[PDB]
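Inspection log for the structure reproduced underneath, given as structure tokens.
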Amino acid sequence: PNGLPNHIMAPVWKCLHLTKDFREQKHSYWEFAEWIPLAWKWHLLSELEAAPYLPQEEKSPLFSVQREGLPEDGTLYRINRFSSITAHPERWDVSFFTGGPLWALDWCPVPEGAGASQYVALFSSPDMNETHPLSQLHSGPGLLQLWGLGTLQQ
Amino acid sequence: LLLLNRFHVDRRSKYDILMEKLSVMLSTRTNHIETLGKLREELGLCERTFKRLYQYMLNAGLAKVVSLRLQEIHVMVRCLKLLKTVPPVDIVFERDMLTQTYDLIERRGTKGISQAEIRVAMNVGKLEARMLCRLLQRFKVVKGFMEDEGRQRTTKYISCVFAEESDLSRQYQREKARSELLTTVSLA
């Protein structure tokens, strides 16, 4: 029904069941019960304390998004560091700006069926122009970012 | 002469042993100097043999051409006097090897770089440096020029930013034009 041949889709449909059965067997609902977050170890830096860690670009490049089969919007968007455009009302894509070039990114895992709020953790390098030699330790200041995407239901 | 190690023997040469004898003689002369005739007479040598020894001793750097007056040995008397760059690239995380290789060639610029000097500077194998250059040629970001130096027709590579202005371009383009003139003014 999506227009691909059934022999092209048949492995995709097969993978759903195989993944669910694997996770039932070999994931779990709780581990590392010793390591619960303690608020007294989470010290909030003030604005003037945080400023050395923040990635250095304050506004994104200017951009525009064209979506196949829609009219041309034509506006250039730009968004502040730590800010996001609104999801497209029909296709739900979102762009957000992290202040520097992104070099690590992962989804927060949530047990299947939880329907939770979804998040990503990411690192964006401080300076667009930095590039770091592999042969040398660095140990500079940087920031790990957690971004919340919502529950992502229709 | 090729000898398999079992059978390796240090074969002497007639001139070598006679040069050593002359060296023993001259080094035992208090001045380290003697006239050619005496040096022959001490060994019974003909001039045809001895003149090789003299010039080999000179060419070996073991002795010097000198002449002394007869009153200095005791007329000028012929004698023999015995005497006896490119910095490597710290490969960065955030760029692919072609980007990093083009940057090296840009930092060279007008003077260019060879494939062998890319190989060392990038710290890659022979086959890996070769593929980098082949790709940068086909992507038309780098232009290759031949340079004869020593025994080797080495290629040098220059970015198309500097390629036309480069010395290798300018030198080659002149001699190409001059060649096309000379061959066309040669009679049909």
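Following the order of the structure tokens, chains are lettered A, B, ..., residues in each are numbered from 1, and ligands are numbered from 1.
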Among range 4-170 of chain B, which residues does DSSP mark as alpha helix (DSSP H) when it is run on the backbone? Keep the chain and numbering as in the structure and answer as a PyMOL selection string. chain B and resi 14-28+36-41+47-59+70-73+97-108+115-122+126-138+167-170
Check: which chain B residues lie within 9 Å of chain A using only C-alpha atoms, as a count of residues only: 7
Report as an MDAnalysis selection string all protein, DNA and RNA residues lying within 10 Å of residue 112 in chain A, evaluated on only C-alpha atoms, omitting residues in the same chain fewer than 6 positions from it. chainID A and resid 20 23:24 29
Would you pick out the contacts of residue 104 in chain A at 9 Å or less, using only C-alpha atoms, so that residues sharing its chain but fewer than 3 positions from it are not included, and give the list as a list in words? residues 121, 122, 123 and 124 of chain A
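Of the listed residues (B:83, B:181, B:161, B:26), B:161 comes nearest to residue 107 in chain B; the distances count only C-alpha atoms.
From CA of residue 15 in chain A back to CA of residue 94 in chain A, the distance works out to 27.3 Å.
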